[PDB]
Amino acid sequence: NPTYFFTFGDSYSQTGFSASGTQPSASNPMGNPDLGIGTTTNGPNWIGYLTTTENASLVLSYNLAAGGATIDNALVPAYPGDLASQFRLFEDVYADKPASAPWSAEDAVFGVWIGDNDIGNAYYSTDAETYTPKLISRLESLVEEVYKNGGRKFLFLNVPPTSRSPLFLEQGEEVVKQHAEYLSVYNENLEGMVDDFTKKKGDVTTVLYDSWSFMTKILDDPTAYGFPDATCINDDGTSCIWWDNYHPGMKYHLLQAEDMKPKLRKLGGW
C-alpha cells in the first residue's frame, strides 16, 4: 500500500523526473531517472533519501521540482518552470488520480520546498514585511488547488540559510545580513500560513520542517557532522557541505532526510 509523494520545488529538490518517463513502481520508486541522477548533490537528494532510504513503507516519488524555480513568474520571475507551472503539470497529469497514480486523501503526501529564489531575487528591491505576504498568498492558492483535488497531507520546508552559501558569502557580510533578514520574514510568514491553513481546513495533516535551524546547526559546528569547515566546496558531495557554490551535497541531504524522518511519521511513509 504505497504513499504517493508529489514534490514541488527548485534546484535543492530537482531530480529531472519527466511525466512521460518511466513512472514510479514498487520496483522503481523514483520512476525516472535512476536514483542518484539529476540532482545538485552528486547522488541522491533529500527526496531520494526520503523515498528509498528513510521510508518505513513503500513510497512512490513524483518529483515535479525544477531548477531555479520561483513561486510565480507574475511576482518574482526566473525560469519557465515556476511553482505555478509545476502545479499545472500536476493538474494536467496526476490530479485526476489516473491508473498510474491512483492516489487518495489517505495516501498522498504533497511536499513543497520553495521561496529561496524569490528571496534571492527580491531581497534588496522589495519590502519583506509587505512583499513576502504576496508570495506566501500565491503559494497558499496553489496548495488550495491540490486541496480541491482531494489532497489532505502536506509537507512544507522553510528556506535554509542560503545567505551562508559560498556564493553569498563572497558578496560581503552586509549582503549576507540583508539577505538573511529578508529570508527570516519569509519563513515567519510561511509558518503563519501553514498554521492558518491547518486550522481553517480542520481535516489536513501538515508538517512544517525547519530546514533553516538544521542547516544552521551544521554550518555553526561543521566538524560535529564530519565536515572540515562550513565553506569548502567539493563536487564529490561528501567531503564538504557544498557540492558547488550554492547547493549542498548528498551527505548534507542525507543528514537532513534522517533529521526529517521522525517528524514525517504522521504523514504515513516514514
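Numbers for residues come from their place in the sequence shown, where the first is 1.
Student: Out of 195-203 and 112-120, which one has CA B-factors that are higher on average in the deposited record?
Tutor: The stretch with the larger mean CA B-factor is 195-203.
Student: As stated in the PDB record, which stretch has the larger average Cα B-factor, 261-269 or 2-10?
Tutor: So the stretch with the higher mean C-alpha B-factor is 261-269.
Student: In terms of recorded Cα temperature factor, pick the maximum from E140, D82, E91, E106.
Tutor: Most elevated C-alpha B-factor of the set, per the entry: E106.
Student: Choose from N158, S125, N73, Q86 the residue with the greatest Cα B-factor as stated in the PDB record.
Tutor: Answer, based on the entry's C-alpha B-factors: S125.
Student: Which third of the chain does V175 land in by C-alpha B-factor: lowest, middle or highest?
Tutor: Highest third, going by the recorded CA B-factors of the chain.
Student: Among all modelled residues of this chain, ranked by Cα B factor, put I241 in the bottom, middle or top third, i.e. lowest, middle or highest.
Tutor: Middle third by C-alpha B-factor.
Student: Compare the C-alpha B factor of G68 with those of the other modelled residues in its chain, then answer lowest, middle or highest third.
Tutor: Within its chain, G68 is a lowest-third residue by C-alpha B-factor, going by the deposited values.
Student: What third of its chain's C-alpha B-factors does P33 belong to: lowest, middle or highest?
Tutor: Lowest third of the chain for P33's C-alpha B-factor.
Student: Among all modelled residues of this chain, ranked by Cα B factor, put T51 in the bottom, middle or top third, i.e. lowest, middle or highest.
Tutor: Within its chain, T51 is a lowest-third residue by C-alpha B-factor, going by the deposited values.
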